[PDB]
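S.K.: got a sequence here, can you model it:
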Amino acid sequence: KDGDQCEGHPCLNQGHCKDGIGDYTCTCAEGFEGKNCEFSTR
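M.R.: Numbers count the residues shown, from 1 in each chain. Provided below are the atomic coordinates:
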């Protein structure tokens, strides 16, 4: 039922992405910040 949770590019701007328990998890690289790393610290 829950094969891949990250096969749809959940994180933006090359965030860090690792599937886990369905809700997968998305971390931002040092530089981006936000739910999807949408905001940049520029």
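
S.K.: residue 38 - how many residues pack around it?
M.R.: Residue 38 is flanked by 13 other residues according to other Cβ atoms under 10 Å. C-beta coordinates here come from the backbone N, C-alpha and C atoms, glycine included.

S.K.: name the nearest residue to it, sequence neighbours excluded.
M.R.: residue 12 (5.0 Å; Cβ to Cβ, 6 or more residues apart in numbering).

S.K.: what are the boundaries of the strands in the chain?
M.R.: 16-18, 25-27, 32-33, 39-40 (DSSP state E).

S.K.: dump these to a markdown table, plus mean neighbour count and distance to residue 8.
M.R.: Shown next, in a markdown table, are the strands of the chain (neighbours: other Cβ atoms under 10 Å; distance: least, Cβ to Cβ, whole Å):
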| stretch | mean neighbour count | distance to residue 8 |
| --- | --- | --- |
| strand 16-18 | 13 | 10 |
| strand 25-27 | 15 | 11 |
| strand 32-33 | 16 | 18 |
| strand 39-40 | 12 | 21 |
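
S.K.: now render the ones you listed as CSV, adding distance to residue 2.
M.R.: Below are the strands of the chain laid out as CSV (distance: least, Cβ to Cβ, whole Å):
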stretch, distance to residue 2
strand 16-18, 14
strand 25-27, 14
strand 32-33, 26
strand 39-40, 29
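
S.K.: distance of the closest residue to residue 5 other than its chain neighbours from residue 34?
M.R.: Nearest residue to residue 5 in three dimensions, chain neighbours excluded: residue 24, at 3.7 Å (Cβ to Cβ, 6+ apart). Distance of residue 24 to residue 34, given as Cβ to Cβ, to the nearest Å: 16 Å.

S.K.: ok, residue 17 next?
M.R.: 14 Å.

S.K.: still on that earlier bit, burial count for the residue nearest to residue 5?
M.R.: A total of 17 residues lie near residue 24 under the criterion other Cβ under 10 Å.
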